[PDB]
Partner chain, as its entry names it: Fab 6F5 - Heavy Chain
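The data below hold one chain only, encoded as structure tokens and taken in the form solved without the partner chain.
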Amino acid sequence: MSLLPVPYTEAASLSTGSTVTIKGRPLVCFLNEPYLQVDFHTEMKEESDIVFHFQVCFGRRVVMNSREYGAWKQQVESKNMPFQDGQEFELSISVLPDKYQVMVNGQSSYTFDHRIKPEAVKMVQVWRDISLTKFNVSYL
């Protein structure tokens, strides 16, 4: 159904048991290396610190990081690529006690240990080379 603005910004609160669910499509073929980025920010401003940075280079790699007092921290790299060329994906990011868990099409694909408590998050931005049909923050 209806496309959401990209870049997509939504104010958010997270704690243990929160899930962020995203349904979108790469804009172009994996040969051309479209990106997806999801950032969990400490403020509504885009220049704010990032508790959780998730960046897919489709068909190549994922990197995850934090940006603390303006400075990028230790990059975590994954060559895990469950995303399918030309396909709609469903991404969900679960806040566990110790980490974020990233599910791609219902499959556990990436984890990232909390560097800052998730209660620090005030904003989620989803951006780069995707169309977006679904954004939802939810709780169990």
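Residue numbers count along the first chain shown, from 1.
Omitted from view is the form deposited with the partner chain bound, to which the following refers.
*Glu43, heavy atom within 4.5 angstroms of the partner chain in the deposited complex*: Taking the distances in the deposited complex, the answer for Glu43 is yes, it comes within 4.5 Å of the partner chain.
*Does the partner chain get within 4.5 angstroms of any non-hydrogen atom of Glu68 in the deposited complex?*
Close contact exists here: in the deposited complex, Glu68 approaches the partner chain to within 4.5 Å, heavy atoms only.
*Counting only non-hydrogen atoms and a 4.5 Å cut-off, give the residues of 99 to 125 close to the partner chain in the deposited complex.*
In sequence order, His114, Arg115, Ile116, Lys117, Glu119, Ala120 come within 4.5 Å of the partner.
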